[PDB]
């Protein structure tokens, strides 16, 4: 087959480029951002995904700057990056060489959905815990993801490892500076984003994470809608009509619906700790939502802290407990809960 050789910069190291050669190139992905290729590195034989984007040249790439800062077992690794022009008007492209990961939570959820099965609660636990860890970490640097949705949660089905990807909307949120309210994909947008607020916090990611939890339990999206009006009605149908207090803390012709009791929303064989968790992730008032770390520590995740827990495929669980000081900074006293007696 054909071989490409580029001079590429490692993501973690100090700016010291080396000759990286790769082969078996194929398209996998399209969209606003640009294209994603898959390839095999010639030296290692490891598979990589290459996200090719257009570069301003005017300003430096915010995705690239944020990803160089990040090192976490539950976030896709940037191995290298390199520039190519190919054949556009002296147009320049930034190529991000990332880890290849052979599945996504979107693809998996949909296999169980179009089989009228429900994803076994154990996986729901493994995947939602590793997401909340990845948020705990990036929230500690004040970085908000702003795009949290199933398509952006990579899985290795053999190791049960989840890896957060797609930092193209990610931004550090400084209290008092405003931010655009038109980020986050439809279905997972926080009510304050729908109401057009520009003084929102990292809590938008917690609401999005809650919408992923509900969807893995129900086997389909919980707040669907082609418009915001449609979206708000599906929310008010579950949380009821926000009070004057609650509206004021988000950002006015609202129908009076009594709150549908939470236990009546999910199928009946659904664990009540999974429901408690939802009620505490999907709150109208952003400041009343759990923190990523507060979530990791919820009784819903207790099975993962059992010393005998094993994967359905018979392998051990992946890293769940190797917390850093950084990751715990939000609230260190929780370490006594997050790190169980048996853990190294």
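Basically, rigid core = biggest C-alpha set you can superpose within 1.5 Å across the two forms. Residue numbers count along the first chain shown, from 1.
For the pair 291 to 299 and 47 to 55, greater average C-alpha departure from the shown form in 9 other deposited structures of this protein after core alignment is found in 47 to 55. After a core fit, the C-alpha atoms in 9 other deposited structures of this protein lie farther on average from the shown form in one of 226 to 234 and 184 to 192, namely 226 to 234. For residue 87, the fraction of other compared entries lacking coordinates, among those that model flanking residues, reaches at least a third. The segment from residue 198 to residue 199 is modelled without interruption, since every residue of the deposited sequence in that interval carries coordinates.
Averaged over their C-alpha atoms, the temperature factors of 116 to 124 and 265 to 273 are higher for 265 to 273. As listed in the deposited structure, the average C-alpha B-factor of 293 to 301 and of 22 to 30 is greater for 22 to 30. Within the listed group 72, 146, 149, 253, the record reports its top CA B-factor for 253.
As recorded in the entry, 90 carries the highest CA temperature factor of 99, 205, 103, 90. Sort the modelled residues of the chain by CA B factor and residue 139 lands in the lowest third. Ranked within its chain, residue 214 lands in the lowest third, by CA B factor from the PDB record. Among the modelled residues of its chain, residue 220 has a C-alpha B-factor that falls in the middle third according to the deposited record. When the CA B factors of the chain's modelled residues are split into thirds, the value for residue 153 lands in the lowest one. Per the PDB record, residue ranking by Cα B-factor puts residue 95 in the middle third of the chain.
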